[PDB]
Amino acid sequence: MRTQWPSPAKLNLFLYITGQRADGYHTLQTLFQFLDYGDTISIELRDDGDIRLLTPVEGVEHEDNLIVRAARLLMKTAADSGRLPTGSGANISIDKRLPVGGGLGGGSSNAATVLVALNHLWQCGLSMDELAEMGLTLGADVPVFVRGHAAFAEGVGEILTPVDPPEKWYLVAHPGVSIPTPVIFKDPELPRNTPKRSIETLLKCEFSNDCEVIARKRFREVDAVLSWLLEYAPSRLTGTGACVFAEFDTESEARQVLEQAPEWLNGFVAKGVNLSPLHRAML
């Protein structure tokens, strides 16, 4: 049998850099929300103990792909504690709608979906905490997808507190530039002193993203898309770029603005979801 699993995107509704730990990573205060929209992963069970990503993802080698890395990490952890039935294997393909590397957390969502899926399919019996713990080794975006709820995240993004923001409609645009997350986070002028505030203070202050100023200042493609969308609705950067989103109260308004968007926006519309489509699909 073949099972299909959603791999939704995420938005950083806000994002503030509160410092940098010794290991190079930054401590932040951010708010994750999912989009009812993203990739679709299909898994066929194997009995020979192999893991095969059948559909290749452009620019990623098989063993470098987060799908495979999450699959082998799960395999190793389960076999190291006798939770992997003999011969556990899987064929994995992916219908990818999400851009590679745009701050939508696609790859990180792909890893979380594989972990939760294969954990159910192999009957490893691992817990949310264990899965989210393994996901952190793969990336700081991964835990939020593993736990499956919109959340106020701190630390490096793994300290998650479930919260239910309004499920606005979003026009999500991808500027035609690739922004390596290292470039933004290594920039000197990036704010790393934003004061740690309470959720209630953050929920009433104006939402912003501390990385937007650098991304805007260094990539005119990101500046172009931002200037265009801000004429219509509140628009901000998500993650470290390059993607940008604008908030709309209704689907018609959002889609109307997308009908007018020049093609260089590379934009789609999607409703926000406080419950991850993946976890919605596990009930």
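Residues carry their position along the shown sequence, with the first being 1.
task: Using only the Cα atoms and their B-factors as the entry lists them, report which of 65-73 and 251-259 averages higher.
output: Taking the mean B-factor of the alpha carbons in each, 251-259 is higher.
- request: Return whichever of 39-47 and 237-245 has the greater mean Cα B factor according to the PDB record.
  value: Mean C-alpha B-factor is greater for 39-47.
- prompt: Highest CA temperature factor in the entry: which of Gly148, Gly176, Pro191, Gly107?
  reply: The record points to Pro191.
- request: Could you say which of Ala78, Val144, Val183, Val172 has its CA atom at the highest B factor, as listed in the PDB entry?
  value: Highest CA B-factor of the listed options: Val183.
query: Of the three thirds of its chain by CA temperature factor, lowest, middle or highest, which one includes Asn266?
result: Tercile = middle for this residue's CA B-factor.
Where the record places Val57 (Cα B-factor, split into thirds across the chain): Highest third, going by the recorded CA B-factors of the chain.
- request: Determine, from the deposited record, the chain-internal third of the Cα B-factor for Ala22: lowest, middle or highest.
  value: Its C-alpha B-factor, which the entry lists for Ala22, ranks in the highest third among residues of this chain.
- prompt: According to the PDB entry, is the CA B factor of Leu160 in the bottom, middle or top third of its chain, that is, lowest, middle or highest?
  reply: Within its chain, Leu160 is a lowest-third residue by C-alpha B-factor, going by the deposited values.
field: Chain-wide C-alpha B factor ranking for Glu154, given as lowest, middle or highest third
entry: For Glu154, the deposited C-alpha B-factor lands in the lowest third.
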